[PDB]
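First, one chain by itself in structure tokens, the form deposited in one PDB entry.
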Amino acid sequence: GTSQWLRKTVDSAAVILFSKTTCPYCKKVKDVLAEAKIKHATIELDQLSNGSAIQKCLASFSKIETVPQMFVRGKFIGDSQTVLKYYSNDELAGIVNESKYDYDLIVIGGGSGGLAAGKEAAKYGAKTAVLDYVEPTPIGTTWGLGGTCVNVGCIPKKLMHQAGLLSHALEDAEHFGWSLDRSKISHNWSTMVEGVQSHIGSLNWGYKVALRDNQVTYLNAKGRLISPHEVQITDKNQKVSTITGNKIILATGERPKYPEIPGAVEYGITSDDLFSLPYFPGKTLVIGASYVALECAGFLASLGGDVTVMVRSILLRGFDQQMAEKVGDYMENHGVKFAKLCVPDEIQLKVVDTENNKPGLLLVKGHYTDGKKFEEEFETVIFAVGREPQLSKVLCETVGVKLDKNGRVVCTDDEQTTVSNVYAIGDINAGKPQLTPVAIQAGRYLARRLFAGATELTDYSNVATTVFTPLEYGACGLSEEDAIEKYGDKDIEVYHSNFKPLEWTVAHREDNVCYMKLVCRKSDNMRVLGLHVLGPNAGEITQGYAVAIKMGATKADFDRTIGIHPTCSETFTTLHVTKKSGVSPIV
């Protein structure tokens, strides 16, 4: 038990000191390592109820039972007198750098998860390398260090969402007394892109500085695992070489899919291209119905564009479908057109003019599920029909890492693959929510278990989400249909209400469009199984409730907590209308 943990810790830590906070001999070893700038993990035995037991187990490796004890990569180095001897004789630098491998850790993929894992491991003295490379899109788009979220995801998406939101603030201002005239103001796409891209540039540079300051080696190279400990790297000159590492973390993410039709790759774009596009897209077709599709369509319309969304079946598959329909209804009332139950069959009438900053023109042909035909011209066509990994480029199948039927890595609950020294984190971890804060938490927690003897696992359940459509949708836990499927309609109670933000009153916005509900399990003290809210700032509203749901909140916990007035969020503290009662939810 304790003995099993200690063996695992000693074997995988790079440099680790067993100590006590009250021991001057430990302090003198700490000072020597600090001064030689040797980084290491420290385990303070007097701060663990298990400490006396661990102290005895140490003797199985060192034959001594006292503190301090220093280990390097599984080898007992010495006690106080012995470490200071190596220091005085200038033997200590060569002792702590001695390794069977080039690196204690190689991270393949320099995005949300991989950067977090790499920086946290180097905190504890692991010799670490982070590999990152960006395969260009079909039209040649590329970007800097940091992954999908930073460069072509959460960060630019929310900044352009904010640009769309400011449209409505400009309209609202006249009602609150400001002298501007909204009808005489227009938007400049290229000015917005320049500002967004300048912020992303500071993030790329910030990550390079952070790695250098943690003594992490950054290689801008394409990595391929060719045996359990060997990574083949190809650089920007196509020079090829091999590096070795003790532990391997796979963190290579995903990229957008294209449908298998004529013209798609040649004449359409994806979200990868949109966030740095030099010209306004113009009349735009978005094919797909995921949150990427709806978020992108939504801000394009708020920035004055003519936007159509082509929906194969339903909006936001996998989310609560009542809330998905209210989301789409809001977008349709505020400009966005929808081609429902429709798929494309083929896509060129005019070539893009990059010198004069003008889109081309495309003819899109498709059909509806009843057989009727679709045909219409667009300047830009954006595909948002999902994302997939490409692990055949990352992973020789003879290494023995097991993949599932979607090509994602099958992992134990501590992120281990079927090869004992190889782990996987982030979007390529089969079955996990595909989100940036999940990837960061997995990576940081994993590095602590490998190199600092930590035990805490990542908790993947009830992770909250927000869809940043023009009216935002936040959620935590089960959709209503999923709760009813799992427990039965008789055992589910739903409390709900419409609401109107106070900010919408003087501005003359709509009365009964914002909405919220709690899905509860009757037979478990009315436990809150799922929380759902459509309204402004939905992400800020939802976040704090995710802690309470993590601890098992019930309806009674929401009732006894007092609201903050005036806010949108306070409506959750006084809900009382149930769906079973048939009483209207309007304000």
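So that there is no doubt, residue numbering starts at 1 and follows the sequence shown.
This protein has a second form, the form deposited with a small molecule bound, left out of what is shown; the following refers to that one.
For the three residues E485, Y487 and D491, a heavy atom within 4.5 Å of the small molecule turns up in the bound PDB entry in no case. None of the heavy atoms of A129 is located within 4.5 Å of the small molecule in the bound PDB entry. In the bound PDB entry, at least one heavy atom of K340 sits within 4.5 Å of a heavy atom of the small molecule. Although the partner is absent here, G328 is a contact residue: one of its heavy atoms lies within 4.5 angstroms of the small molecule in the bound PDB entry. Taking non-hydrogen atoms only, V381 never approaches the small molecule to within 4.5 angstroms in the bound PDB entry. This chain appears without its partner; in the bound PDB entry, the one residue of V311, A210, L203, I95 with a heavy atom within 4.5 Å of the small molecule is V311.
Distance criterion of 4.5 Å from any heavy atom to the small molecule in the bound PDB entry singles out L315 from the list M516, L446, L105, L315.
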